[PDB]
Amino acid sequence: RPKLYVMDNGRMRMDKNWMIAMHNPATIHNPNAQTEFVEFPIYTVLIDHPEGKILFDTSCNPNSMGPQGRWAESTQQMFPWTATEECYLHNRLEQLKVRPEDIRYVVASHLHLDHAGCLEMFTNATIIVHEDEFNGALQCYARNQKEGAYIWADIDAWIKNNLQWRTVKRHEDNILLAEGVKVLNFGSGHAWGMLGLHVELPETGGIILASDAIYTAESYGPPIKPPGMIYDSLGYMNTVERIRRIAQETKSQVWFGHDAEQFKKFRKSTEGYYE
């Protein structure tokens, strides 16, 4: 039945303390400990499903970087994004002969700059997002916050393009989107409200798309190593452990948000698909 494509949406760099909290602490014999600017991949997933095409995440906006870019300069220097034209999401979809108007459902894991970048392309889709994440992002917009992980100009475009929203409620059960495709309601942790995805493929079997609920394999452990970028510490831990249980009980792979080694291994959209 379905076909699942991994699309390469370029690379981002940032302080590795964001990724792994207190990774290299200062000591009496190393009092001025230095950090490192680590590279990690930005990616999206397309599930070409009989019942309709499902897109997980949307990467960054093409108009994000540069002196005429949407991102504030402080954001550009703290979380720089590098991508060729081939990396842009509209192009990756074009090379698969898929038009934006063909996307039935977009699942926004959360509304950070590197996942919600291109929501505005999908004017014929239902956009699925946690309600707490939505509220949080809209407050950023209304309070006219121009820095941080929530891009004012992105949100501005969502409203102008008249996107059709479907909020997952705080205490809402998981949503069966299609045969073998479930939206997981992870709630608060990394951000205000996280969504994941469990995909059951005939040949490949079970896949959990965790997004920023688990950055990397180092995050996952055990033991768990939580990030510096975090809203609800307790929630974050509960979520990781919950994914570990689901993985075991359903014999599923766990696909992390930004794991460089794992990403290299993936079969990309320019080479083929999973089935």
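Throughout, we count residues from 1 along the sequence that is shown.
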Per the PDB record, is the mean Cα temperature factor higher over 261-269 or over 16-24? 261-269
Take the C-alpha B-factors listed in the entry for 173-181 and for 191-199, compute each mean, and give the stretch with the larger one. 173-181
Per the entry, which of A72, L119, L96, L138 tops the list for Cα B factor? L96
Per the coordinate record, which of the options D114, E131, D102, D156 holds the highest CA temperature factor? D102
The third of the chain into which the C-alpha temperature factor of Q68 falls is the highest
Determine, from the deposited record, the chain-internal third of the Cα B-factor for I127: lowest, middle or highest. lowest
Which third of the chain does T204 land in by C-alpha B-factor: lowest, middle or highest? highest
Which third, lowest, middle or highest, does the CA B-factor of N61 fall in along this chain? middle
By its CA B factor, does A83 count among the lowest, middle or highest third of the modelled residues in the chain? highest
